[PDB]
Amino acid sequence: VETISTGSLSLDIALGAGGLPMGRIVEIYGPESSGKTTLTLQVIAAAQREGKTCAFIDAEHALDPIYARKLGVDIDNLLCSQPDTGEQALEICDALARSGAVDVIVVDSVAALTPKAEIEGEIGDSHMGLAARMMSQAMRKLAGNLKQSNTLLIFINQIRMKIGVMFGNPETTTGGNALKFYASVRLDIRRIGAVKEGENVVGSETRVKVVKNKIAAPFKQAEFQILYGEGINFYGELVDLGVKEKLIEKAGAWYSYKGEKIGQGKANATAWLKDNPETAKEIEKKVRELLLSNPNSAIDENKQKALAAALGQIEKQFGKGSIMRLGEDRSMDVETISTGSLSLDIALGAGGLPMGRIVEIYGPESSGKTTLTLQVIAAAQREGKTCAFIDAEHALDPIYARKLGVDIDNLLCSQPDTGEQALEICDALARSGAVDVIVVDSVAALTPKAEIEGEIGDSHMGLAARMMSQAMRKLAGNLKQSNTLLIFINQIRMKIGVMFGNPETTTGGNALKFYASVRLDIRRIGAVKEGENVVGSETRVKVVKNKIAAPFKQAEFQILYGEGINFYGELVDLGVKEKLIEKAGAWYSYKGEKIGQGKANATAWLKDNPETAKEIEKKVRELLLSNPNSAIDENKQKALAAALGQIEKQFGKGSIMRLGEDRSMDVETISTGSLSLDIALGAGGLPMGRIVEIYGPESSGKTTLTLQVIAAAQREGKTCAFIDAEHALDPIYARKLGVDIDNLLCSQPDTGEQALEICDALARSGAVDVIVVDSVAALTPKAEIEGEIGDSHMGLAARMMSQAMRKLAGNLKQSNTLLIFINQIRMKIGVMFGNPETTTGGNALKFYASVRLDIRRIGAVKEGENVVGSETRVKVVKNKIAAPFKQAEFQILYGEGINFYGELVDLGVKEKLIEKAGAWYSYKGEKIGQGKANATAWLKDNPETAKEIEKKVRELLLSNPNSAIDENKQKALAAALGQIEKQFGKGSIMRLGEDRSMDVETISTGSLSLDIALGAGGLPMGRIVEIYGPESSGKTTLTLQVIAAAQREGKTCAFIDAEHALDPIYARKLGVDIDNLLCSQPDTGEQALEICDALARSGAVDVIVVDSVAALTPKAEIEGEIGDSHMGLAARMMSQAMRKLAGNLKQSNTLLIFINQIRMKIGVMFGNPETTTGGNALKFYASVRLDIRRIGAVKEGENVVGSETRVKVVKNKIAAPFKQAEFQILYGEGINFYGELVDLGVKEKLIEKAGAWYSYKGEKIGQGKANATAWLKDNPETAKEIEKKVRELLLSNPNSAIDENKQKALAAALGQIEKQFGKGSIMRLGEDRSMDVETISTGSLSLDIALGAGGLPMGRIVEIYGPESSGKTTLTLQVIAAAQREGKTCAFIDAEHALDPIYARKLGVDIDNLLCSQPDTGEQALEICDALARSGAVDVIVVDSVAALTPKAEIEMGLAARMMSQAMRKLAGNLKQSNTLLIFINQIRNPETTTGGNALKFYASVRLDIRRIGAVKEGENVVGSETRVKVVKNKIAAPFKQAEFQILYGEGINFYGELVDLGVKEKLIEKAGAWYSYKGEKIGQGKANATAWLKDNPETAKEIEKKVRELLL
DNA sequence: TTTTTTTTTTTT
Ligand SMILES: Nc1ncnc2c1ncn2[C@@H]1O[C@H](COP(=O)(O)OP(=O)(O)O)[C@@H](O)[C@H]1O
Ligand SMILES: Nc1ncnc2c1ncn2[C@@H]1O[C@H](COP(=O)(O)OP(=O)(O)O)[C@@H](O)[C@H]1O
Ligand SMILES: Nc1ncnc2c1ncn2[C@@H]1O[C@H](COP(=O)(O)OP(=O)(O)O)[C@@H](O)[C@H]1O
Ligand SMILES: Nc1ncnc2c1ncn2[C@@H]1O[C@H](COP(=O)(O)OP(=O)(O)O)[C@@H](O)[C@H]1O
Ligand SMILES: Nc1ncnc2c1ncn2[C@@H]1O[C@H](COP(=O)(O)OP(=O)(O)O)[C@@H](O)[C@H]1O
Ligand code: ALF
Ligand code: ALF
Ligand code: ALF
Ligand code: ALF
Ligand code: ALF
Ligand SMILES: [Mg+2]
Ligand SMILES: [Mg+2]
Ligand SMILES: [Mg+2]
Ligand SMILES: [Mg+2]
Ligand SMILES: [Mg+2]
């Protein structure tokens, strides 16, 4: 075995034998730009340095001869070949091997070795493993020849992925398995970092692993630097190795050799060795002796004879220039084209993009990719070059291209049908030699033929990737031999599950990375502004890959809209920077002469003096470029025409043509229904044959806007379709907005794939003009719908959308169909920089949209009292047909739509076409109205004059102004419709007007005034409703009243008690049929929602209510600890739930009501700090949202007997929003329905009211509201009559074997739920014993009475709060004592660290059995609570001071609040299922509050306010505290009763004192002055003595107590 | 033969 150096010392060591073995095969592989070619050239250079002869087979067609020279290669003696086919490449290898005159041969890219059959055949033609069998045959033949000539053959290879492998390294290598076996050495090379000169990236930090080795041990590795334009930092290695081997001394930063200092810092020591080559050789020789395992490494006139002969043979076999010395190959010289940006041309090092090469440009949407591309085309055309543009994205604006200086009339342009077609056109144009630059717009849009013909949702895993890989193989050679530049534009995608480095990728696989000679990352970094107006984009381009000069330089410039790259701007900045242009303050000077004040003016001057500009530019280039360069056309036109004729013959008529003459490319627009929006869009409306996205918050007007565009289109004879994926379209409302309901095609699809397949089918028919998809957020993948809630389908919707765009874009353009996608907003978590808002469904839509609109409600339109419309703003956030970032403001008037004529007035006035003198509006001298309202009415009334004004407003304000047949449509329409129905079932698409299942049906809410407020008379069936409000505002109550009303009509209901706080007895009092109410207290939030889905799908349940989304705790959270962060886990759960539920609920006609709680949003001192739990999804999916609030007390003199209540309709999709209802909730009775009826009756003049007397139809019905109410309750028939009339008068939107299938399906779904989630997971409320309320005494009799139920409820949460020393702990210990006295087990969490055990004993606590904990952190305290709850062995737990519950992070805003909120979520369920009472004591901070946030307010079943109101005195001594407790919240009995008792110190609550007072109050104990008597017998004088007597007579005391309880409980 | 592509707030 004999070896050759690799050019790296550490690699030579890693290889064990000191280098690569002669007469063997070697493979080198790695990612793009990892240093494969470089390494290879370094081995060639080292070999040549020793008199060896080398050959380079550049199959990749990307060798830079000048660069090879810089790496020390003898260019003039390097044999070089750029072969046509892979077989040719390998035949040359064999011939060179057999000659015995070549020492090392390197083949650059086996990946580029294309079989002859493949080259000749089309792109997208199958030749399975043809390259593999070719390689296999080559090795067989080569191995023997290489050995007998002692020739080293190095194969460079690229990396590919292996699709379908979910188990081990997914990486592979090209060209099959043969090379693996035949290689004596295999090397894996990788770039592991950057080498930096402060700012500049000057090299690559590199690692090589010896992955296979037949000449020494494998698996050693080398690390070294590749310095650009220099090569392997050899002397760097030498320093490190020298130091490591103790030949070079290193004291701190000082390097020494043999006593003499050689440099400070690695950089300087390296420079010294470079400078002293003799000493370097000495050190190297020693390093090798020390570290190499093996000791390795007429006569030449026979070589030259045989060389010339083999060379002559190769040329005879394969043609003239098939092999030659690199130095003399002119076709190998790098030639460049300007990019249109001066600073980019500088960044690229060589002055522009290289001819005959592939270039990639990628970046986010609207970053300037197409623009840049067109600017390079314009520059090329300006120099007489010929260009072609492949518009695969179907979004090129010819007029815009012209504005950027493109010669539209000579730009070849193609909008190809398939990706293979696109690439076949590229190949054909390349091969012709008549086209100079070709740009392919979006590889992302290059859709494989099989994908286009397949359905949406069919998987074609890496079909585009393998297509691209085949394309590069074929294109690289053709492009070089024609000197044609090919630019690929690419989009960005996210790679999922990557939280390390860069999550960004590029479309179309890995091939392009490798084959690109330059890769550019372009980005918008800011706005260019003319004060107000955004007039351009501030832009940055990074040179991310570079094969013709150093990489990683960057350019910054402006893109000015409608003008292009600000070239002269760059020139000023560069001129100033290079001291060619002088800048004194704001004054710019050239050669002494002032050229302008401010950058703007200096720029204008250069534009004006082109000769001087050229001079400055020439100098800037000389100063800043690192790699500067230095019958004929009638053959071109002949070959061009022939290739063009060929393309048209192969792919049909208009498959390629001059842009200027393609009529189908002219942008045509449709009105949006808003005039100011049409103006904002620049072109006058939305573009036909394009994709548009509209997004914004809930109820911002997305659907409305969309329907207005449909209406306007229909008004012009166009055909429209509406895909209601959100399942929330109101046909009657659509009609009010002027939509032709009877001709609007409408679909409520089952899956997202179905929705998109329908879009495709409608597009392809060519019979539909505009299609709108309502909510991409609602487009649920098939796998997701069939899966369970909580199954993860990470980015399944995203990959679906990405596939859809690919297929849709082409079809929409060729049918001239407008597709509008509505989207919702989501928050992106962990983003406190810029904008936390996003959009659903991934990144594809951003890129493919020609227009993106951000719509927002910015205020209310008011008729004094009534909210009659929404004030609206739309921002044009993306625009491909005119400048972006303009905005529109208009009104949406409910039940009417966009106020188009309103805009017209304002615009008319603004443009001085309509005169406005005070309040009077005039047109052409004639008065048209007083006030905006009347002027609007006038224009509406005079449509001809309105058109005239509108036409003028458009002329004045638009920047981008515009301009058998139907029986084929109807034929194709019917066919596509028939197809859709055959594929997806009967009613899967139909005319809206005739879809009965779309009509809105309602259920009463139990409140008459609410039913009126809702406009439609109640809540809508088959929809989602949300109710939210503060604690005890009446959410559950309202809900139960709707259930009761539903049951009263024979409907079936279910209640999901996630809050674990439903009182069955109370539900009964509110009129609920307890025995038939399905009830569930689920363990996790996913379970709760899975039950909802299952009940919905059964079709046997009519209304379902979920009590507290706030209580819907994700499974991961429940199983995790308290204080574990599950940021937005509940939100993503809710978001998935809505997606699945919406469709099921509609198709079963099931109403789902979600109750929600309120939380505060921290750091918000602007508008409303209130929010709702569980994220944003529910806002969007709810058809009605209700805000309920307690606004006062209903009183029977003393007693609080009900709550005065207000409900605001905060969102409404079935009638106008923002109306409100006010009614009473009477405790233990419910909503006072007949009360409302009286008030409404009187208000509507149906019931007469003379003073206090109420009359109906002449006959007196009662004196006072109370009695009139009683009368209606008593005469139900008359009440119905009055109610019917009140509804007719006040509703704005009035409505209009069978049960044995229900019971069969119900039982089945119930059986299923129980099988899935365990025994008692759902049952009838009436028979659930675990739901009954059980109580524990508080230790105070009067408190037990105040609580109504006789004490605190087991399995619930209780809060006690009050000032310091008010008796909180005491009370708590008394409840513990009472519990222990009954054999219960108690625990005390002393977070306040202030429990006195001796005192607890005095209050009668069993100290020895009281579990006690003084926890370190709040999370620990609560984790202990949870653990004790879950054990089921503790009966009552008290936590002393939530105020003392300090979060873990704090012992290192609202951290405690979010902790408490998480705790309640987890505790509520566990406490109920163990029947454990948890009491929280709280402190005070009405200006009073409580610690630890809002959660506890909501979750407490009882809240107690305790207060010291005076002193108990033994003459002198204060011996106790006089105490008052108010029941401030109560879920088990009426609230607001109060107790008063004494706390006697060292004794506790004075129980017998209470007994006296109660006894006296109830007339059981007689009190004559100061004398107390029982049953005639005197028991004491003064309260003190009576108390002592009862204490002394316990039997009598029991008797009195028993009676007091019977009377007062 | 050879990758595909994000999800979504928390709470005085
Ligand atoms: N002509 C050149 N001028 C300056 N730097 C170059 C040149 N060619 C390559 N480089 C740099 O050398 C490194 C490796 O290049 P190369 O050996 O071509 O990688 P590979 O062959 O593995 O694709 C890259 O960082 C690249 O930018
Ligand atoms: N027809 C047009 N009129 C005005 N501005 C445009 C037009 N087309 C593109 N622009 C603006 O130029 C910038 C870059 O657009 P473009 O080059 O199409 O980006 P990309 O191709 O990278 O998606 C964006 O700000 C865009 O709005
Ligand atoms: N059927 C209807 N009757 C009355 N007003 C409606 C109706 N539908 C929607 N609106 C009102 O119009 C505005 C926008 O509604 P919509 O276009 O559905 O919002 P989005 O689709 O953005 O969620 C809201 O104020 C809404 O309450
Ligand atoms: N079991 C009950 N007995 C008497 N009054 C009750 C009962 N449950 C609730 N209430 C009262 O009805 C009103 C509304 O209670 P609720 O509907 O549970 O409020 P929310 O569900 O909004 O927290 C409150 O005044 C509450 O005290
Ligand atoms: N160990 C004790 N000895 C005497 N008096 C006490 C003792 N502990 C509490 N008190 C008195 O009992 C009353 C209420 O105390 P406590 O129940 O601890 O109030 P809180 O816990 O609400 O601050 C106060 O007047 C206090 O002075
Ligand atoms: F293999 Al390369 F640029 F030559 F990625
Ligand atoms: F790449 Al684009 F609009 F053309 F984002
Ligand atoms: F997008 Al919506 F109600 F339809 F907020
Ligand atoms: F929402 Al509640 F008591 F049920 F405040
Ligand atoms: F002493 Al305190 F609440 F004030 F326990
Ligand atoms: Mg290379
Ligand atoms: Mg583009
Ligand atoms: Mg909508
Ligand atoms: Mg409730
Ligand atoms: Mg205390």
# chains A, B, ... in the order shown; residues from 1 in each chain; ligands from 1
>>> residues_around(residues="region 1513-1529 of chain A", least_positions_apart="5", cutoff="9 Å", atoms="only C-alpha atoms (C1' of nucleotides)", output="ChimeraX atom specification")
/A:1031-1032,1343,1346-1347,1366-1367,1497,1500-1508,1534-1546,1548
>>> residues_around(residues="region 1234-1238 of chain A", least_positions_apart="6", cutoff="7 Å", atoms="only C-alpha atoms (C1' of nucleotides)", output="ChimeraX atom specification")
/A:1008-1009,1223,1269,1272-1273,1283
>>> closest_residue(among="A:468, A:1376, A:1126, A:1247", to="residue 9 (chain B)", atoms="only C-alpha atoms (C1' of nucleotides)")
A:1126
>>> select_by_dssp(residues="region 2-124 of chain A", states="alpha helix (DSSP H)", output="number ranges by chain")
A: 9-14, 36-49, 65-70, 86-99, 116-120
>>> interface_residues(of="chain B", to="chain A", cutoff="6 Å", atoms="only C-alpha atoms (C1' of nucleotides)", output="number ranges by chain")
B: 2-3, 5-6, 8-9, 11
>>> closest_atom_pairs(of="chain A", to="ligand 6", cutoff="6 Å", atoms="only C-alpha atoms and all ligand atoms", output="JSON lines")
{"residue": "A:32", "atom": "CA", "partner": "ligand 6", "partner_atom_place_in_ligand_line": "5 (F)", "distance": 2.9}
{"residue": "A:33", "atom": "CA", "partner": "ligand 6", "partner_atom_place_in_ligand_line": "5 (F)", "distance": 4.2}
{"residue": "A:37", "atom": "CA", "partner": "ligand 6", "partner_atom_place_in_ligand_line": "4 (F)", "distance": 6.0}
{"residue": "A:514", "atom": "CA", "partner": "ligand 6", "partner_atom_place_in_ligand_line": "5 (F)", "distance": 3.7}
>>> atom_distance(atom1="atom 4 (C, counted along the ligand's line) of ligand 3", atom2="CA of residue 1146 (chain A)")
19.9 Å
>>> select_by_dssp(residues="region 580-619 of chain A", states="strand (DSSP E or B)", output="list in words")
residues 581, 582, 583, 584, 587, 588, 589, 590, 593, 594, 595, 596 and 597 of chain A
>>> residues_near_ligand(ligand="ligand 15", cutoff="9 Å", atoms="only C-alpha atoms (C1' of nucleotides) and all ligand atoms", output="MDAnalysis selection string")
chainID A and resid 1364:1370 1392 1394:1395 1440:1441 1481
>>> atom_distance(atom1="CA of residue 346 (chain A)", atom2="CA of residue 603 (chain A)")
19.4 Å
>>> residues_near_ligand(ligand="ligand 11", cutoff="12 Å", atoms="only C-alpha atoms (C1' of nucleotides) and all ligand atoms", output="PyMOL selection string")
chain A and resi 28-41+56-64+67-68+106-112+155-158+189+513-517+545-548
>>> residues_around(residues="region 5-11 of chain A", least_positions_apart="5", cutoff="8 Å", atoms="only C-alpha atoms (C1' of nucleotides)", output="PyMOL selection string")
chain A and resi 18-20+39-40+42-43+46-47+208+221-224+232+234+237-238+297
>>> write_last_selection(atoms="N, CA and C atoms", output="PDB file, in the first residue's frame")
ATOM      1  N   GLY A  18      -1.472   7.624   6.553  1.00  0.00           N
ATOM      2  CA  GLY A  18      -0.803   8.863   6.165  1.00  0.00           C
ATOM      3  C   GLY A  18      -1.347   9.536   4.921  1.00  0.00           C
ATOM      4  N   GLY A  19      -2.403   8.967   4.349  1.00  0.00           N
ATOM      5  CA  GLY A  19      -3.055   9.541   3.173  1.00  0.00           C
ATOM      6  C   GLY A  19      -3.927   8.539   2.439  1.00  0.00           C
ATOM      7  N   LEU A  20      -4.338   8.905   1.229  1.00  0.00           N
ATOM      8  CA  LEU A  20      -5.197   8.053   0.407  1.00  0.00           C
ATOM      9  C   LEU A  20      -4.372   7.016  -0.353  1.00  0.00           C
ATOM     10  N   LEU A  39     -11.386  19.830  -1.073  1.00  0.00           N
ATOM     11  CA  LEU A  39     -10.512  18.788  -0.533  1.00  0.00           C
ATOM     12  C   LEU A  39      -9.816  18.076  -1.679  1.00  0.00           C
ATOM     13  N   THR A  40     -10.630  17.643  -2.626  1.00  0.00           N
ATOM     14  CA  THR A  40     -10.211  16.987  -3.841  1.00  0.00           C
ATOM     15  C   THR A  40      -9.119  17.748  -4.616  1.00  0.00           C
ATOM     16  N   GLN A  42      -7.133  19.998  -3.366  1.00  0.00           N
ATOM     17  CA  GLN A  42      -5.960  20.011  -2.493  1.00  0.00           C
ATOM     18  C   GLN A  42      -5.164  18.731  -2.625  1.00  0.00           C
ATOM     19  N   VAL A  43      -5.844  17.593  -2.789  1.00  0.00           N
ATOM     20  CA  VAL A  43      -5.096  16.353  -3.044  1.00  0.00           C
ATOM     21  C   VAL A  43      -4.422  16.377  -4.420  1.00  0.00           C
ATOM     22  N   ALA A  46      -1.283  18.677  -4.135  1.00  0.00           N
ATOM     23  CA  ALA A  46      -0.202  17.966  -3.434  1.00  0.00           C
ATOM     24  C   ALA A  46       0.461  16.937  -4.342  1.00  0.00           C
ATOM     25  N   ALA A  47      -0.355  16.233  -5.129  1.00  0.00           N
ATOM     26  CA  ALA A  47       0.125  15.229  -6.074  1.00  0.00           C
ATOM     27  C   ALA A  47       0.963  15.863  -7.179  1.00  0.00           C
ATOM     28  N   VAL A 208     -14.073  15.922   9.126  1.00  0.00           N
ATOM     29  CA  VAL A 208     -14.123  14.758   8.245  1.00  0.00           C
ATOM     30  C   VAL A 208     -14.087  13.497   9.108  1.00  0.00           C
ATOM     31  N   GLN A 221     -11.360  10.806  13.173  1.00  0.00           N
ATOM     32  CA  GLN A 221     -11.822  12.013  12.503  1.00  0.00           C
ATOM     33  C   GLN A 221     -10.830  13.157  12.525  1.00  0.00           C
ATOM     34  N   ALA A 222     -10.982  14.054  11.559  1.00  0.00           N
ATOM     35  CA  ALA A 222     -10.114  15.209  11.418  1.00  0.00           C
ATOM     36  C   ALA A 222     -10.926  16.497  11.463  1.00  0.00           C
ATOM     37  N   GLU A 223     -10.347  17.525  12.074  1.00  0.00           N
ATOM     38  CA  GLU A 223     -10.944  18.850  12.088  1.00  0.00           C
ATOM     39  C   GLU A 223      -9.923  19.865  11.640  1.00  0.00           C
ATOM     40  N   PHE A 224     -10.313  20.716  10.703  1.00  0.00           N
ATOM     41  CA  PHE A 224      -9.416  21.733  10.176  1.00  0.00           C
ATOM     42  C   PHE A 224     -10.239  22.868   9.607  1.00  0.00           C
ATOM     43  N   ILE A 232      -7.303  24.492   2.534  1.00  0.00           N
ATOM     44  CA  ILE A 232      -7.118  23.921   3.865  1.00  0.00           C
ATOM     45  C   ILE A 232      -6.033  24.688   4.617  1.00  0.00           C
ATOM     46  N   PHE A 234      -3.581  24.658   6.324  1.00  0.00           N
ATOM     47  CA  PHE A 234      -2.600  23.634   6.643  1.00  0.00           C
ATOM     48  C   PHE A 234      -1.715  24.031   7.818  1.00  0.00           C
ATOM     49  N   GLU A 237      -3.354  23.752  11.268  1.00  0.00           N
ATOM     50  CA  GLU A 237      -3.252  22.381  11.773  1.00  0.00           C
ATOM     51  C   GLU A 237      -1.882  22.144  12.395  1.00  0.00           C
ATOM     52  N   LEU A 238      -0.844  22.586  11.689  1.00  0.00           N
ATOM     53  CA  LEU A 238       0.529  22.388  12.120  1.00  0.00           C
ATOM     54  C   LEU A 238       0.797  23.001  13.497  1.00  0.00           C
ATOM     55  N   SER A 297       4.051   7.014   2.266  1.00  0.00           N
ATOM     56  CA  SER A 297       4.227   8.314   1.616  1.00  0.00           C
ATOM     57  C   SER A 297       2.920   9.102   1.636  1.00  0.00           C
TER      58      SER A 297
END
>>> closest_atom_pairs(of="chain A", to="ligand 7", cutoff="8 Å", atoms="only C-alpha atoms and all ligand atoms", output="tab-separated table")
residue	atom	partner	partner_atom_place_in_ligand_line	distance
A:363	CA	ligand 7	1 (F)	7.5
A:364	CA	ligand 7	5 (F)	6.2
A:365	CA	ligand 7	5 (F)	3.1
A:366	CA	ligand 7	5 (F)	4.2
A:367	CA	ligand 7	5 (F)	6.7
A:368	CA	ligand 7	1 (F)	7.5
A:369	CA	ligand 7	1 (F)	6.1
A:370	CA	ligand 7	4 (F)	5.9
A:393	CA	ligand 7	4 (F)	7.3
A:395	CA	ligand 7	4 (F)	7.0
A:441	CA	ligand 7	4 (F)	7.7
A:442	CA	ligand 7	1 (F)	7.1
A:489	CA	ligand 7	1 (F)	7.7
A:490	CA	ligand 7	1 (F)	7.4
A:491	CA	ligand 7	1 (F)	6.2
A:846	CA	ligand 7	5 (F)	6.8
A:847	CA	ligand 7	5 (F)	4.1
A:848	CA	ligand 7	3 (F)	6.3
A:849	CA	ligand 7	3 (F)	6.8
A:850	CA	ligand 7	3 (F)	6.4
A:878	CA	ligand 7	3 (F)	7.9
A:879	CA	ligand 7	3 (F)	7.7
A:880	CA	ligand 7	3 (F)	6.3
>>> residues_near_ligand(ligand="ligand 14", cutoff="9 Å", atoms="only C-alpha atoms (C1' of nucleotides) and all ligand atoms", output="list in words")
residues 1031, 1032, 1033, 1034, 1035, 1036, 1037, 1059, 1061, 1062, 1107, 1108, 1155, 1498, 1499 and 1531 of chain A
>>> residues_near_ligand(ligand="ligand 3", cutoff="7 Å", atoms="only C-alpha atoms (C1' of nucleotides) and all ligand atoms", output="short mmCIF file (atom, residue, chain, number, x, y, z; two decimals) with N, CA, C and O atoms, in the first residue's frame")
data_model
loop_
_atom_site.label_atom_id
_atom_site.label_comp_id
_atom_site.auth_asym_id
_atom_site.auth_seq_id
_atom_site.Cartn_x
_atom_site.Cartn_y
_atom_site.Cartn_z
N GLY A 696 -58.69 38.17 10.18
CA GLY A 696 -58.97 39.16 11.20
C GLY A 696 -59.62 38.52 12.40
O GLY A 696 -59.96 37.35 12.36
N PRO A 697 -59.81 39.28 13.48
CA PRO A 697 -60.43 38.79 14.71
C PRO A 697 -61.87 38.36 14.49
O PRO A 697 -62.38 38.56 13.40
N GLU A 698 -62.50 37.77 15.51
CA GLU A 698 -63.89 37.33 15.38
C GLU A 698 -64.82 38.50 15.12
O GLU A 698 -64.62 39.59 15.67
N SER A 699 -65.83 38.26 14.27
CA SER A 699 -66.85 39.25 13.95
C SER A 699 -66.28 40.54 13.39
O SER A 699 -66.86 41.61 13.57
N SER A 700 -65.15 40.44 12.69
CA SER A 700 -64.53 41.62 12.09
C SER A 700 -65.13 41.95 10.72
O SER A 700 -64.94 43.05 10.19
N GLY A 701 -65.86 40.99 10.14
CA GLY A 701 -66.57 41.23 8.90
C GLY A 701 -66.06 40.43 7.72
O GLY A 701 -66.30 40.79 6.58
N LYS A 702 -65.36 39.33 7.99
CA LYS A 702 -64.76 38.51 6.94
C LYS A 702 -65.84 37.90 6.03
O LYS A 702 -65.81 38.10 4.82
N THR A 703 -66.80 37.19 6.62
CA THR A 703 -67.87 36.58 5.82
C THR A 703 -68.68 37.64 5.07
O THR A 703 -68.87 37.52 3.85
N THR A 704 -69.15 38.65 5.80
CA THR A 704 -69.84 39.79 5.21
C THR A 704 -69.12 40.32 3.95
O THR A 704 -69.72 40.40 2.88
N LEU A 705 -67.83 40.64 4.08
CA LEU A 705 -67.08 41.23 2.97
C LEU A 705 -67.18 40.31 1.77
O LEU A 705 -67.53 40.71 0.67
N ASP A 730 -75.61 31.97 7.29
CA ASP A 730 -77.05 32.25 7.42
C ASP A 730 -77.59 32.71 6.06
O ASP A 730 -77.36 33.85 5.65
N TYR A 733 -79.50 35.93 5.94
CA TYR A 733 -78.61 37.08 6.06
C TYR A 733 -77.90 37.37 4.75
O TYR A 733 -77.81 38.53 4.34
N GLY A 869 -74.29 49.27 13.44
CA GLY A 869 -73.24 48.78 12.56
C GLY A 869 -71.86 48.75 13.19
O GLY A 869 -71.67 49.15 14.33
N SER A 870 -70.90 48.25 12.42
CA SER A 870 -69.50 48.19 12.83
C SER A 870 -68.66 49.13 11.98
O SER A 870 -68.70 49.10 10.75
N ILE A 892 -69.89 48.76 8.22
CA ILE A 892 -70.75 47.62 7.94
C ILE A 892 -72.02 47.87 8.74
O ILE A 892 -71.97 47.91 9.96
N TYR A 894 -75.54 46.48 9.90
CA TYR A 894 -76.10 45.14 10.09
C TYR A 894 -77.37 44.97 9.26
O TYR A 894 -78.20 45.88 9.19
N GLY A 895 -77.48 43.81 8.61
CA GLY A 895 -78.65 43.48 7.80
C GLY A 895 -78.74 44.28 6.51
O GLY A 895 -79.74 44.24 5.80
N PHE A 1180 -64.25 32.48 17.70
CA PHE A 1180 -64.56 32.39 16.29
C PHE A 1180 -65.71 31.45 15.97
O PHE A 1180 -66.54 31.79 15.13
N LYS A 1211 -71.67 38.74 20.72
CA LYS A 1211 -71.51 38.26 19.34
C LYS A 1211 -72.78 37.60 18.85
O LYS A 1211 -73.43 36.87 19.59
N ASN A 1212 -73.13 37.84 17.59
CA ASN A 1212 -74.33 37.27 17.00
C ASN A 1212 -74.23 37.06 15.49
O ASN A 1212 -74.00 37.99 14.71
N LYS A 1213 -74.41 35.81 15.08
CA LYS A 1213 -74.33 35.41 13.69
C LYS A 1213 -75.70 35.14 13.09
O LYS A 1213 -75.80 34.86 11.89
N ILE A 1214 -76.75 35.20 13.91
CA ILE A 1214 -78.10 34.87 13.42
C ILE A 1214 -79.03 36.08 13.42
O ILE A 1214 -80.13 36.01 12.87
N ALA A 1215 -78.58 37.17 14.03
CA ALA A 1215 -79.31 38.45 14.07
C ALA A 1215 -78.31 39.54 14.49
O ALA A 1215 -77.17 39.22 14.82
N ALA A 1216 -78.73 40.81 14.47
CA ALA A 1216 -77.87 41.91 14.94
C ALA A 1216 -77.32 41.62 16.34
O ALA A 1216 -78.02 41.06 17.18
N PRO A 1217 -76.03 41.98 16.59
CA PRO A 1217 -75.46 41.87 17.93
C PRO A 1217 -75.70 43.12 18.78
O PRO A 1217 -76.25 44.10 18.28
#
>>> closest_residue(among="A:1194, A:435, A:694, A:844", to="ligand 13", atoms="only C-alpha atoms and all ligand atoms")
A:694
